[PDB]
Each structure stands twice: as C-alpha cells, then as structure tokens.
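Input: a single structure, listed below in structure tokens.
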Amino acid sequence: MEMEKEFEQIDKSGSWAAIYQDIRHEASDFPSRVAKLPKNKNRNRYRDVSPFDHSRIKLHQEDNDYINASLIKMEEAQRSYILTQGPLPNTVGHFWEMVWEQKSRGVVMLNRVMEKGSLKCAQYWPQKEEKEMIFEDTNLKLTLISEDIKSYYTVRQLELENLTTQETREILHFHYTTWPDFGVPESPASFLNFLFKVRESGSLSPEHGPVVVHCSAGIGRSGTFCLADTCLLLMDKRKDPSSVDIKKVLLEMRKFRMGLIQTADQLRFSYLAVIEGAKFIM
Ligand SMILES: COC(=O)c1ccccc1Oc1ccc(N)cc1
C-alpha cells in the first residue's frame, strides 16, 4: 500500500502495536559473540543491545578492537551510517578513535546527557574553548572551536588532532536537544528541519566516511533518524515514489543492527516524518 493512506488505515484501526510486533517477529537474528566476551562487559551500556559480529566497527588496535557500534550500509539509497551507543566513561577515547579511523565528518547526538534524572551518556566533548580534552588511551586531542545554540538544536565545530601524527580535522557536532523525556514529538517539523541541516553540511555525503549517530542505546531515536533519511532519498531516486515501503526499509536496516525503532510510537512518528518530509522536498 501507499504510505499516507496505510497510515490513516492503521490509525483508524488502532493496530500500531500489532504492526510493530510483526516487524519484531520478522527481524534478523545474527550472532554477537564478540560483544558478549567477559573482557567487554564495561564497554556495553545495556546487556540486551549489542552489535552483530558481521557488521560491527573494529577499532584499529591489536589489544582489544571492540566498540558497541554497527555499520548500516544501504545499497540502493547509496548511504551509509554508523549507529552507536552513547559513550561511557571508559569508552570516550574509543569513540573518538572510531571517528578518526572511519574518516567521519559529522556526529549526530539525539539525547541529552541527563534525562529522567539519570546519566544517559558521558560528557564526551569540551564545553569551553580554552578547556580542551586529551584522551590518553587513544592519543587524541579535542578542542571546541565554536558553538551555535538554536531553539531545537545546537551545532558545534570541533577540532580533532591525532597526537601521534599531528594531523588535524574539523568535525561537526549536530545536537538535537528537544526530544521529550517520554514519548515522541507531537510534530515532526523540528526533527525534519534538523535532518536537513545535517544534510546541508556535507556530513552525509560520499566524499566523507559514514556519519556517526547516537542516542543512549543507539537503536531508538537513532533508528528514526536513519530510517527517515533513507526513505526520503529513495522517494527522490525512484520513478514511482509511492513504491517506497517503510516497513521493508526498516527490516533491511535491522539486518545490520538489532532493535532499530524501540516502540510502536516511534514507528508511527517515523511514518509521520517521511510523509510530511515528502511534501516539503517538492
Ligand atoms: C558553529 O558551527 C557552525 O555553525 C558551523 C561552522 C562551521 C561549519 C559548519 C557549521 O554548521 C552548519 C552551518 C550551516 C548549515 N546549513 C548546516 C551546518
């Protein structure tokens, strides 16, 4: 079926939970043996969210190459993404090592450091220009260059220096600051505006490594971001845009990381975002 009318048909019939459970039943199951090794317990935020072995990002290190991060490669859309958990106190240096080694231009952050009164991720970037951060375990230096605070999101320019080679690179930090502590946003307008700002920066384009996107577990809000982006790109590429099937795209993405889209409300919000976004594109 088309999207917008399939949408009204699920709303009128109140069957979002049944649609979402079908997706959960059909989703791929691949091994995640490296994630579950005992030496990696303090590298995982949640025991039930792990990268598959076949798509996990490897650190260029011979001691321990593990990070909780997955490469999502979308062949028809010609777009790749790295989805990862919010960094932990003992993985902030690994996080920036990955950004460096994978040649990423942008980092997309969809959570606040504290939500619901608890810490959802480490403070992994500097907050003042004159107070830079040094990650001694991976030999990197990170400096805040500039910050632009807007009503729904903040953009930061950062400098990452590989202290071993003295090479430097400019990284863009796109921080969506207004996702509510409970539920999903009422309108997708500010989320789409944010997606378009990431696109306009070059961070999603083939001349760079894949964008790094995270929330707390790296599957829920993060899944919504890449699912909406890929669906909108396919609608632009194809002769028949009404042939884009959001459930099929989601199942394809779940071949590369488990659990993408965590609730039936997030599924409904993804439909809403693609539907409204397709009108603005034209
Ligand atoms: C302080 O950060 C910035 O504002 C910034 C600085 C340097 C390069 C890029 C930047 O972000 C963007 C600007 C404009 C659009 N449309 C998207 C992204």
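This chain uses plain numbering: 1 for the first residue, then up along the sequence.
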Taking atom types as modelled, is there a side-chain donor on [X] or [Y] under 3.5 Å from an acceptor on the other?
X      : Y      : answer
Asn139 : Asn162 : no
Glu207 : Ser205 : no
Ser242 : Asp240 : yes
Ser190 : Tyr176 : yes
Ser222 : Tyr81  : no
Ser55  : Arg257 : no

Requested in this report: Would you please name every residue forming a salt bridge (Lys or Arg N to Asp or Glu O under 4.0 Å) with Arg156, sequence neighbours left out?
Outcome: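 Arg156 satisfies salt bridge (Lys or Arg N to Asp or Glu O under 4.0 Å) with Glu147 once adjacent residues are dropped.
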In this structure, are over 12 heavy atoms from other groups packed under 6.0 Å from [X] atom [atom1]?
X      : atom1 : value
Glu136 : CD    : no
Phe280 : CZ    : no
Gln166 : CD    : no
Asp48  : CG    : yes
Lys41  : NZ    : no
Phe135 : CZ    : yes

Could you check if a side-chain atom of [X] sits within less than 4.5 angstrom of a side-chain atom of [Y], using non-hydrogen atoms only?
X      : Y      : value
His214 : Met109 : yes
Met235 : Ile281 : no
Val107 : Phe174 : no
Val213 : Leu110 : yes
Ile67  : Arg43  : no
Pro206 : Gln78  : no
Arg45  : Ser216 : yes
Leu142 : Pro126 : yes

I'd like to know if [X] and [Y] make a salt bridge, using a cut-off of under 4.0 Å between side-chain N and carboxylate O.
X      : Y      : value
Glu252 : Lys73  : no
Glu170 : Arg105 : yes
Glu26  : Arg254 : no
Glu8   : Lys5   : no
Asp22  : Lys247 : no

Requested in this report: Mind running side chain to side chain donor-acceptor pair (under 3.5 Å) on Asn68 and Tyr46 for me, showing each step along the way?
Outcome: CA-CA 10 Å; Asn68 193 318; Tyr46 303 105; over 6 Å; no
So, do [X] and [Y] have ring centers that fall under 6.0 Å from each other?
X      : Y      : result
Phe95  : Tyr124 : yes
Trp16  : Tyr271 : yes
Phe194 : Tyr153 : yes
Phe269 : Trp179 : yes

Just by modelled atom types, is the [Y] backbone N or O under 3.5 Å from a matching donor or acceptor in the [X] side chain?
X      : Y      : result
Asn90  : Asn42  : yes
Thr138 : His94  : no
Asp53  : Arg33  : yes
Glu101 : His60  : yes
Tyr20  : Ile261 : yes

Query raised in the report: Linking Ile, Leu, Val, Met, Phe, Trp and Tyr through side-chain heavy atoms less than 4.5 Å apart, which residues share a cluster with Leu37?
Result: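 Besides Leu37, the hydrophobic cluster comprises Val34, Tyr66, listed by chain and residue number.
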Requested in this report: Could you grab the distance from atom SG of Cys231 to atom CD1 of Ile246, nearest 0.5 Å is fine?
Outcome: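 Reported to 0.5 Å precision, the distance equals 4.5 Å.
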**Report entry** Those residues that, when tested against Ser201, pass side-chain hydrogen bond (donor to acceptor under 3.5 Å, both in side chains) (two or more places apart)
**Finding:** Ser203
Report task. Could you go through the side chain to side chain contact (heavy atoms under 4.5 Å, CB included) check for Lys279 and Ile275 one step at a time? Result -> CA-CA 7 Å; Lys279 308 167 154 158; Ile275 292 169; 4.1 Å; yes
Could you give the side-chain donor-acceptor pairs of residues 114-123 under 3.5 Å, partners two or more places apart or in another chain?
from   : atom 1 : to     : atom 2 : distance (Å)
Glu115 : OE1    : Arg221 : NH1    : 3.4
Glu115 : OE1    : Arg221 : NH2    : 3.0
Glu115 : OE2    : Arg112 : N      : 2.7
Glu115 : OE2    : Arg221 : NH1    : 3.0
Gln123 : NE2    : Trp125 : O      : 3.0

Requested in this report: Could you give me the CA-CA distance, side-chain angles and deciding distance for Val274 and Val244, then say whether side chain to side chain contact (heavy atoms under 4.5 Å, CB included) is met?
Outcome: CA-CA 10 Å; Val274 174; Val244 173; 6.0 Å; no
**Report entry** Residues in side-chain contact (heavy atoms from CB on, under 4.5 Å) contact with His25, at least two apart in sequence or another chain
**Finding:** none
Query - Residues which pass side-chain contact (heavy atoms from CB on, under 4.5 Å) with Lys128, listed by chain and number, not counting sequence neighbours - result: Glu130, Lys131
**Report entry** Candidate pair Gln262 and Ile219, rule side chain to side chain contact (heavy atoms under 4.5 Å, CB included), full reasoning
**Finding:** CA-CA 7 Å; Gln262 283 178 290; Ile219 60 174; 3.8 Å; yes
Requested in this report: Apply side chain to side chain contact (heavy atoms under 4.5 Å, CB included) to the pair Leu158 and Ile145, showing each step before the final yes or no.
Outcome: CA-CA 5 Å; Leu158 308 171; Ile145 299 302; 5.8 Å; no
Query raised in the report: Would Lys237 and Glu76 count as a salt bridge (charged side-chain N to carboxylate O under 4.0 Å, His left out) if you check the C-alpha gap in whole Å, the side-chain angles of each, and the deciding distance to 0.1 Å?
Result: CA-CA 9 Å; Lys237 215 171 202 254; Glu76 185 189 355; over 6 Å; no
